[PDB]
Amino acid sequence: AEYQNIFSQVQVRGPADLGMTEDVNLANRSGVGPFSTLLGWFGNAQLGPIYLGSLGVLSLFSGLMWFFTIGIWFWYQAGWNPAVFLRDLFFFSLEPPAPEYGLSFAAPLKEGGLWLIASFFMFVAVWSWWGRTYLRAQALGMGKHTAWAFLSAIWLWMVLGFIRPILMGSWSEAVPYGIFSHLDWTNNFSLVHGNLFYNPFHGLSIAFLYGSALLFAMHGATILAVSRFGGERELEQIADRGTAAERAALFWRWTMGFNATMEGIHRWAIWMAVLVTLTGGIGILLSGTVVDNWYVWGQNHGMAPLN
Amino acid sequence: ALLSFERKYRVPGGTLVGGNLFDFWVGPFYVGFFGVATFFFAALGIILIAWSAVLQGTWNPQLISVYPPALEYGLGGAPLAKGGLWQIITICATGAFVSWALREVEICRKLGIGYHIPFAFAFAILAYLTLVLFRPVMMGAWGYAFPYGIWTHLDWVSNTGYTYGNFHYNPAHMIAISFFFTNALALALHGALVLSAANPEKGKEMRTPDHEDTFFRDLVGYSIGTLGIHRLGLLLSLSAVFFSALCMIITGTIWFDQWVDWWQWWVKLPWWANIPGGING
Amino acid sequence: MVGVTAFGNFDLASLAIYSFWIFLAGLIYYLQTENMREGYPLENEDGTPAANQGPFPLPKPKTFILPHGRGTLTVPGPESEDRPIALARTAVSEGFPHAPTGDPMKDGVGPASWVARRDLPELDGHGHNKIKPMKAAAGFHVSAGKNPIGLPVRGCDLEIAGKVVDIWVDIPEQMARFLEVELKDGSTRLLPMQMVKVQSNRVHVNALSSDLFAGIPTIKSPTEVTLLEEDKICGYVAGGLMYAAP
Amino acid sequence: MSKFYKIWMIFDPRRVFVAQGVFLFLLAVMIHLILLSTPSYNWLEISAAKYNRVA
Amino acid sequence: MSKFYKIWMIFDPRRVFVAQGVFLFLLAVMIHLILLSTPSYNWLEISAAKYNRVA
Amino acid sequence: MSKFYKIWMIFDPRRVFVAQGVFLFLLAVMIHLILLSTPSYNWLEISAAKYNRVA
Amino acid sequence: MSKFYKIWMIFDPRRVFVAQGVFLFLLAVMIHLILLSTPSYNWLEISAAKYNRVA
Amino acid sequence: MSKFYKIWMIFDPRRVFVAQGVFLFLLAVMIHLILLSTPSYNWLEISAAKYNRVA
Amino acid sequence: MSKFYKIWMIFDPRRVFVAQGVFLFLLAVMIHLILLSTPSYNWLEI
Amino acid sequence: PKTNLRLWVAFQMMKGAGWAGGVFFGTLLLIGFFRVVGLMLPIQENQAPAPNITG
Amino acid sequence: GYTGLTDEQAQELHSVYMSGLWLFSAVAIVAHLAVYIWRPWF
Amino acid sequence: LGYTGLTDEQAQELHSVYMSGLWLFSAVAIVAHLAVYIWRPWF
Amino acid sequence: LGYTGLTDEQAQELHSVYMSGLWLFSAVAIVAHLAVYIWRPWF
Amino acid sequence: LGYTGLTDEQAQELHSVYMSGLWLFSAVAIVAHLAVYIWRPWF
Ligand SMILES: CCCCCCCCCCCCCC(=O)OC[C@H](COP(=O)(O)OCC(O)COP(=O)(O)OC[C@@H](COC(=O)CCCCCCCCCCCCC)OC(=O)CCCCCCCCCCCCC)OC(=O)CCCCCCCCCCCCC
Ligand code: BCL
Ligand code: BCL
Ligand SMILES: CC[C@H]1c2cc3[nH]c4c(c3C)C(=O)[C@H](C(=O)OC)c4c3nc(cc4[nH]c(cc(n2)[C@@H]1C)c(C(C)=O)c4C)[C@@H](C)[C@@H]3CCC(=O)OC/C=C(\C)CCC[C@H](C)CCC[C@H](C)CCCC(C)C
Ligand SMILES: CC[C@H]1c2cc3[nH]c4c(c3C)C(=O)[C@H](C(=O)OC)c4c3nc(cc4[nH]c(cc(n2)[C@@H]1C)c(C(C)=O)c4C)[C@@H](C)[C@@H]3CCC(=O)OC/C=C(\C)CCC[C@H](C)CCC[C@H](C)CCCC(C)C
Ligand SMILES: COC(C)(C)C/C=C/C(C)=C/C=C/C(C)=C/C=C/C(C)=C/C=C/C=C(C)/C=C/C=C(\C)CC/C=C(\C)CCC=C(C)C
Ligand SMILES: COC(C)(C)C/C=C/C(C)=C/C=C/C(C)=C/C=C/C(C)=C/C=C/C=C(C)/C=C/C=C(\C)CC/C=C(\C)CCC=C(C)C
Ligand SMILES: COC(C)(C)C/C=C/C(C)=C/C=C/C(C)=C/C=C/C(C)=C/C=C/C=C(C)/C=C/C=C(\C)CC/C=C(\C)CCC=C(C)C
Ligand SMILES: COC(C)(C)C/C=C/C(C)=C/C=C/C(C)=C/C=C/C(C)=C/C=C/C=C(C)/C=C/C=C(\C)CC/C=C(\C)CCC=C(C)C
Ligand SMILES: COC(C)(C)C/C=C/C(C)=C/C=C/C(C)=C/C=C/C(C)=C/C=C/C=C(C)/C=C/C=C(\C)CC/C=C(\C)CCC=C(C)C
Ligand SMILES: COC(C)(C)C/C=C/C(C)=C/C=C/C(C)=C/C=C/C(C)=C/C=C\C=C(C)\C=C\C=C(/C)CC/C=C(\C)CCC=C(C)C
Ligand SMILES: CCCCCCCCCCCCO[C@@H]1O[C@H](CO)[C@@H](O[C@H]2O[C@H](CO)[C@@H](O)[C@H](O)[C@H]2O)[C@H](O)[C@H]1O
Ligand SMILES: [Fe+3]
């Protein structure tokens, strides 16, 4: 076959790129990292620099304490045994307080007090990382699109760990930290709420999740198909439409009767992905607070046959 | 009616079949030999779904459900009201999907672009054929396929899943989920980054791709680059679908038990199976 | 709140799902109108405005302030091709192909099409030329893969068109953009890196026979390439997939 | 009524005639399917009952 | 009231007439479907019972 | 009250009129659907009971 | 009626004849499948009973 | 109070009035839905009980 | 009927004949499959 | 001349039939592969329950 | 006038169109009459 | 002027037509409410 | 006059052949309906 | 009138060939239908 542009044929390397300055405090940038020739086949080879200001210190140290708190709980569950630790790794779980403790903070350490401590470190880590996404954009003079998109993911995460437990009135509703246990929580949640497939916002959230795979398959394939015309230089195509953007638009126009622009396809992109967790968080927040049996709700809303 | 730049591209040729016979547009839509085919199969399948609703006795589009033949038919043809309509609609769907892909190929040829788009769509078709064709014929009955109905195909997903316990424990399904979640992450970041560069703070100049690299390096210490992110978004999407098809074609064909029991192979590796304590000891 | 309805079956979950449909309709209207900033208004095939323009009205104009004093782009705004198009109607009715009146490769029509972009180079974030010959790029070298420099270039007729004499590189993104090929007559041409296949003993070009390489558009200065020249070169090379002789 | 011909100065007949054709076919199809879904008006079932074609 | 013709200087008649045509059809379809969903107003069921056409 | 015409210097009448037409239709549709959902105000069921039209 | 030939001043016969060929074959195939799915008119099923070909 | 008019030198009136309109409508709808959801304040059920309109 | 030959001045016969070969083959296959799926006419189970 | 023309028409129709056959037969070969593989696997012993209420 | 039809062309086209509408609706009236006599829906 | 480019006279003219439409629409709505209230009081 | 470039005489000529095809097709269809109605009356 | 580049005489000749083979194809089909009907009447 002809060249498909999925992996580069020739790598070139020059002086390391320290990045744009703008209003960035350059003292808070690291040096440049190594160049990975393995990554250079698919994307850029250069690693780093990374920016590490005040919110980054807060986020990383809080995130480290979250990860370390779970880790030491797993080593305790392993009985300090390195062979057992690796054998049972996916089976260990730091579990929320039992239902009889409600929202209180009185639960013992083994009985969910450690889960509260870890969750506090997680809360600080994630929210300080949100402010990091906002301020990194600010210092470069960029739009805040990344921080606002990330707020949709935080919305689902907040619903799962914080808002729905408070509305339900116990921490026991929250997700356990553990590989198989959070899967088991996911299955149990649907069984308790009478089949989550009949939650219409879960259905929408799936539609947007599939739509994200559809749209990125389309967009990624499109840009590679026009990459022979410089199509992946999307900002310059936005500033000065070339034949790459015109051929991309006409392919979809002739295929399905309408098309995007080089800017506006990224507006479809951001919203398609955002809507996954926006609708997701609504669907979960409604579950148990408003609808405790989604199949029966579906029967009463014309989407499942009556008994 | 044309886009203001469109006329210079609407030239003859690039067709796979039919020459000039179908080489024309109906408004924006290019036709071609496979456009004729696609429309016929799509219209026929749609009208047969509506006719199946007449037989079912419902006009609520959420309750319309075309079921495949019962297991007692095996791989034979069924009575039309008892699953033969599902068989014809499945042939129409397959005809429409394949015709649509082949029509995209001749659109690619006329525009001189690469074939990545119809190639990418073929993964979605093969996933569909996994669930309606390859897995049912391995399992020996059409009745293992899913029904064509908005909520009833979710009943098939639920019933198929719980046949093997919690379906989360399917290892290929775990991989497929990870690609799906990673793809949606990458799409959000990619959309946001291009928009944040094209639409800066008020009254600032457009940001360059160098600012796009800089933002991600500052944020996570790495930037995959403008070419790399489109390669990534394609391969994440296609890998998600490939591992989806794999997770199903093995299910009920080489694996039959509760998927949670599979993971015991790791726990019962002989160098640690008997060590006391932990969760599994 | 479970089972609490305002009327009938109208639950707080019902309020949510109906609110989402109204939001989604508004969002889709926004998304489609934002995607109408290029290519509209719609035209008849004679170039006059079409009687039908579709259900979505055009968005208000927006202005991009371009970097490096390249000015402003306001969109939507007056579209024009600003070049000759050598296509004639095959039919009096709409919807049929327009046939090339000359050589479509030379005329730059069909899959050989190019757009009248700015006749200036693309600039990096600091205002230097984004794409440079690697002999002019101070620290750049081939770091992995077969170095193409010095390989013969074989056309799809399986005959040699020339030899590779340099790589042109994207400086900020550190990637190979073009191969510079010296032809039989001693002039050079740029071949897009996406349209060549590098092999252990040759560079193979599926899109062009060896006789077409002389017709690749030349760059007006040997050290830089304009966005206009890029569109002309890339358009012509891809055009060979349809129009190169068997 | 006399001036209704001026619709053709606003809408191009090539589009309108296609839109009308699609509209009238789908409308006609939907009414026939509605009657076939209605036991009192499914002519194929009425005639089966009339001519005793069921058992 | 006499000034209402000035709306055609605000809005393009092509979009208005397409929008109105779609709107009126969907409104009419909605009202007929509501009545067919109503046992006291489904004229096909009413005529079925009147003429003893069921069973 | 008198000065309210200056709103058309703030808002483009085109945008307002489209938004208001959508708003008023969806409001009206919602209120009729509420009353149809309400047994004491569903006029089709009230007339059915009044004229003894069911069974 | 006498002026209906002017339709060929509005549509090119190439596009029309393709659209008609798709339409007529679609319509015929659909009606045959409607009858094959109907016990009273499925000729293959009627013949099997008439000549006692089953079992 | 007399200087509160200077808010329009800080806040763009187009953005304010749109945000105000959306705010006030959603607040109004929310309160009416709360009262309809509250059996002691559902004015339709209250009048139904008052006038013996059901059963 | 005598003017039906003018179809070959509207549609290119070479392309029509190829497409007609596809149509007639697929139509025949459809009808044979309908008869194989019919217990009274499946000539492979007799 | 005419025998050459007759053979040419036949050849063009045989090209279409040959491709439609080849695709159809290739489809059946792919189906047969998955059938053969499914006959070799332990499926017959471990047959799954019906996922659909149709059974 | 957006379409480029003259007023005379719009008149001519409408007259033929209306003869189409009347023919189609007259056939429909006869179809409704037949079905109504066969099986009244009121 | 304002943001829309309507002059003061154009704004007064458009408002006068708009308000007559509003009064017409609301007059019909008042009669509808009166008819329904007399038929079936909701208080 | 036309969008298609057919003359009036050509549009008449083409319509005369088209209507011959339509009447031929509808005639055989009437025969097919008559045969089926005799074999198995609907209504 | 002509979109294909066949002359009128070329189209007449080619149609006479196509029709002759169409009749032969229908004749073979009639024989196959008659054989099947004698074997196993579908009416
Ligand atoms: C906080 C956790 C919760 C969940 C929260 C989840 C939020 C997810 C938001 C994702 C937004 C992605 C799109 C985007 O462009 O983002 C960047 C954008 C601009 O960046 P910038 O730096 O400030 O500016 C750059 C400048 O150059 C301009 O750039 P640009 O032109 O691209 O920006 C304009 C975009 C941005 O607009 C928005 O983002 C609006 C977001 C609205 C979210 C509402 C979702 C929930 C309600 C629905 C639930 C429905 C189900 C219940 O313009 C647009 O994208 C326009 C979109 C139009 C949609 C129209 C819909 C109309 C529907 C009504 C029709 C009525 C007809 C009668 O940022 C913003 O403008 C600010 C975004 C603020 C987000 C919401 C924050 C939380 C609000 C609620 C709490 C506070 C208020 C009470
Ligand atoms: C993939 C693995 C499973 C499966 C599991 C699920 C689950 C789980 C969910 C869905 C959901 C959906 N599925 Mg399903 N579904 C499968 C196979 C299919 C196929 C198919 C031909 O193979 C189709 C068309 C659909 C269609 C759909 C939609 C009704 C809905 C939203 C999808 C979406 O937005 O996707 C991405 C695509 C887009 C965003 C583009 C727009 C797509 C539109 C909306 C599709 C409309 C389909 C239409 C109603 C079907 C009839 C076609 C007409 C006759 C022409 N499913 C198989 C069996 N599907 C969700 C839902 O809400 O169900 C009620 C849901 O919860
Ligand atoms: C038996 C199981 C149940 C079920 C129960 C649930 C439950 C329960 C939930 C879902 C949810 C989801 N389901 Mg469901 N679901 C089922 C069947 C399906 C099927 C299918 C084919 O059958 C599909 C495709 C889906 C699809 C989906 C998604 C659309 C959705 C999750 C979106 C997302 O990205 O979440 C993943 C993303 C997040 C949770 C956001 C995370 C953001 C935070 C900030 C990240 C922090 C990272 C941390 C700091 C660590 C970083 C370390 C790094 C090293 C740096 N479901 C069945 C019916 N499903 C969710 C939902 O929204 O429902 C409406 C949900 O809660
Ligand atoms: C719109 C919905 C989608 C979404 C969007 C999204 N996510 C986002 C963003 C966006 C737009 C961001 O901007 C943000 C980001 O930065 O992306 C690069 C983010 C992000 N999405 C993330 C994850 C994620 N997103 C997910 C999903 C989704 N993201 C949705 C599909 C998922 C899942 C389950 O589906 C996950 C897991 C992160 C990569 C990032 C947010 C990072 C964050 O908040 O981190 C806090 C924690 C830390 C900084 C560190 C934790 C501890 C680590 C172990 C580091 C320890 C360091 C130490 C020095 C070493 C210690 C060693 C010793 C222990 C031995
Ligand atoms: C492989 C990666 C992802 C992917 C990729 C992808 N899809 C694609 C493409 C690509 C690259 C296209 O080029 C193509 C396209 O044109 O997109 C606009 C397409 C497309 N992906 C589509 C949908 C889609 N893709 C999906 C998935 C994915 N597509 C993957 C996740 C899904 C789901 C459920 O996950 C859906 C719904 C369409 C928008 C489009 C293909 C359009 C097409 O085939 O058109 C011709 C056919 C018709 C117009 C209708 C046929 C109707 C049938 C005859 C009857 C219906 C039968 C059906 C089985 C009924 C099912 C009922 C449901 C309730 C289950
Ligand atoms: C759940 O809660 C429930 C629903 C139960 C209860 C709550 C209900 C609520 C919250 C209701 C809220 C209702 C509101 C806010 C209603 C508002 C109504 C308004 C403002 C209506 C206005 C109508 C105006 C009309 C119809 C105007 C028409 C105008 C014209 C016809 C003329 C247009 C102008 C022209 C042509 C002039 C053009 C000028 C030039 C120079 C060209
Ligand atoms: C759910 O509710 C149900 C469905 C149950 C019930 C409700 C049904 C509803 C709401 C139905 C609504 C039906 C409507 C709105 C029907 C409208 C029908 C119309 C308007 C039909 C018009 C037909 C017109 C025809 C067939 C015209 C044909 C014209 C021609 C053949 C000639 C065209 C002109 C020519 C050739 C002249 C060209 C001239 C020159 C100079 C070139
Ligand atoms: C979970 O815990 C719960 C929630 C249960 C209990 C805890 C509650 C907590 C933590 C509550 C915290 C409450 C706080 C921090 C409240 C703070 C309230 C404040 C600071 C309110 C301030 C209000 C100020 C107002 C309304 C000012 C209005 C000003 C104006 C209208 C005029 C603005 C100035 C103008 C227009 C002049 C402009 C001048 C020029 C020259 C342009
Ligand atoms: C929904 O439930 C069901 C389906 C059961 C009930 C509903 C059924 C409905 C709604 C059915 C609707 C049926 C319709 C709309 C039928 C319309 C049929 C028509 C219009 C058929 C027309 C056929 C025309 C033919 C076959 C014409 C053939 C013409 C030729 C062979 C000659 C063409 C001219 C040539 C070759 C030369 C011209 C060139 C020159 C140079 C003179
Ligand atoms: C679901 O509904 C079912 C399928 C059950 C029932 C419905 C079926 C339907 C809707 C069927 C529709 C069928 C149609 C429209 C069929 C159309 C068939 C046609 C027009 C076939 C025409 C074929 C013409 C041919 C093969 C002509 C060939 C001519 C030549 C090759 C010229 C060369 C000379 C020859 C063959 C003579 C050779 C002999 C000697 C001695 C030299
Ligand atoms: C090698 O050994 C060492 C120890 C060195 C390192 C090993 C580390 C290991 C093995 C770590 C394992 C980590 C795992 C398996 C983590 C799994 C995490 C998963 C799967 C999480 C899934 C979902 C979590 C959610 C949804 C959590 C949401 C939490 C919030 C929204 C936080 C809300 C805040 C709360 C509840 C705090 C309230 C309390 C106060 C005081 C404010
Ligand atoms: C991509 C499309 C996927 C869907 C494709 C569907 C294609 C279906 C083709 C069916 C082909 C004919 O299939 C044929 O069916 C009949 C009828 O059930 C089977 O017949 C079987 O059941 C009947 C009764 O129901 C018995 O009398 C018979 O002895 C038994 O074999 C045949 O064994 C099989 O050969
Ligand atoms: Fe992109």
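Read the numbers this way: they start at 1 and go in the same order the structure lists the ligands and their atoms. Protein chains get the first letters and strands the later ones, always in sequence-line order, with residue 1 at the start of each.
- Under a 3.5 Å cut-off, the side chain of D/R14 and the backbone N or O of G/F11 do not form any donor-acceptor pair.
- Protein heavy atoms are found inside the 4.0 Å sphere centred on atom 34 (C) of ligand 9.
- For ligand 9, the atoms sitting less than 4.0 Å from at least one non-hydrogen atom of M/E13 are 42 (C), numbered in the order shown with element in parentheses.
- Taking atom 5 (C) of ligand 9 as the reference point, the nearest protein heavy-atom neighbour is G/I34 CD1, 4.0 Å.
- Of the candidates K/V16, E/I31, M/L1, K/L5, it is K/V16 that places a heavy atom closest to atom 37 (C) of ligand 7.
- Heavy-atom proximity to I/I10, at under 4.0 Å, picks out these atoms of ligand 9: 38 (C), 39 (C).
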Where do B/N183 and B/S237 land on the side-chain hydrogen bond (donor to acceptor under 3.5 Å, both in side chains) test, with the steps shown first? CA-CA 6 Å; B/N183 188 76; B/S237 299; 2.7 Å; yes

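- Of the candidates K/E8, G/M9, E/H32, it is E/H32 that places a heavy atom closest to atom 6 (C) of ligand 7.
- Of all protein heavy atoms, the one lying nearest to atom 26 (C) of ligand 7 is K/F24 CB, 3.9 Å.
- Residue-environment remark: CG (E/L35) exceeds the threshold of 12 foreign heavy atoms within 6.0 Å.
- Listed for the D/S47 side chain is a donor-acceptor partner under 3.5 Å among the backbone atoms of M/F43.
- Short contacts between ligand 9 and M/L14, defined as distances under 4.0 Å to a heavy atom of the residue, involve ligand atoms 38 (C), 39 (C), 42 (C).
- For ligand 9, the atoms sitting less than 4.0 Å from at least one non-hydrogen atom of I/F4 are 36 (C), numbered in the order shown with element in parentheses.
- Under a 4.0 Å criterion applied to the non-hydrogen atoms of D/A28, ligand 9 contributes the atoms 10 (C).
- Taking the six-membered ring where the residue is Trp, the centroids of B/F243 and B/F179 are separated by under 6.0 Å.
- The protein heavy atom nearest to atom 18 (C) of ligand 7 is D/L24 CD2, 3.8 Å.
- Other residues, nucleotides and ligands contribute more than 12 heavy atoms inside 6.0 Å of the CZ atom of B/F97.
- Ring geometry, B/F123 versus B/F119: the interplanar angle exceeds 60°, so the pair is classed perpendicular (tilted spans 30 to 60°).
- Counting only N and O atoms by type, the side chains of I/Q20 and N/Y18 include a donor and acceptor under 3.5 Å apart.
- Ligand 7 lies nowhere less than 4.0 angstrom from a heavy atom belonging to G/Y5.
- When the options G/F23, I/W8, D/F25 are ranked by their closest heavy atom to atom 15 (C) of ligand 9, first place goes to G/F23.
- Within a 6.0 Å radius of CH2 in E/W43, more than 12 heavy atoms belonging to other residues, nucleotides or ligands are found.
- Checking E/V29, K/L21, K/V27 against atom 27 (C) of ligand 7, the nearest heavy atom belongs to K/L21.
- Only the side chain of G/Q20 comes within contact range of ligand 9, with a heavy atom under 4.0 Å; no backbone atom does.
- Contacts between G/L27 and ligand 9, counted as non-hydrogen atom pairs separated by less than 4.0 Å, involve the side chain only.
- If you check which protein heavy atom lies closest to atom 28 (C) of ligand 7, you get K/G20 CA, 3.7 Å.
- Here the two rings, on B/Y148 and B/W86, have centers that are under 6.0 Å apart.
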Note every protein N or O atom lying under 3.5 Å from an N or O atom of ligand 5, pairing the names and giving the distance.
| from | atom 1 | to | atom 2 | distance (Å) |
| --- | --- | --- | --- | --- |
| ligand 5 | 13 (O) | B/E104 | OE1 | 3.4 |
| ligand 5 | 13 (O) | B/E104 | OE2 | 2.9 |
| ligand 5 | 16 (O) | B/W100 | NE1 | 2.9 |
| ligand 5 | 16 (O) | B/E104 | OE2 | 3.3 |

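- In summary, the side chains of B/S65 and B/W151 do not present any donor paired with an acceptor at a separation below 3.5 Å, with no hydrogens or angles considered.
- Pairs passing the salt bridge (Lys or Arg N to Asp or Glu O under 4.0 Å) check and including a residue from residues 9-26 of chain M, sequence neighbours excluded, read I/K6-M/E13.
- Residue E/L33 approaches ligand 7 through these ligand atoms, each under 4.0 Å from one of its heavy atoms: 1 (C).
- Ring centroids of D/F17 and D/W8 are separated by less than 6.0 Å, placing the two rings close together.
- Open room surrounds CZ on M/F25; 12 or fewer heavy atoms of other groups in view lie less than 6.0 Å from it.
- For atom 42 (C) of ligand 7, the nearest protein heavy atom is under 4.0 Å away.
- Using modelled atom types, no side-chain atom of D/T38 and backbone atom of D/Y41 make a donor-acceptor pair closer than 3.5 Å.
- Counted by atom type alone, K/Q9 and D/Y5 present zero donor-acceptor pairs between their side chains at under 3.5 Å.
- Contact atoms of ligand 9 toward I/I7: 36 (C) (distance under 4.0 Å to a heavy atom of the residue).
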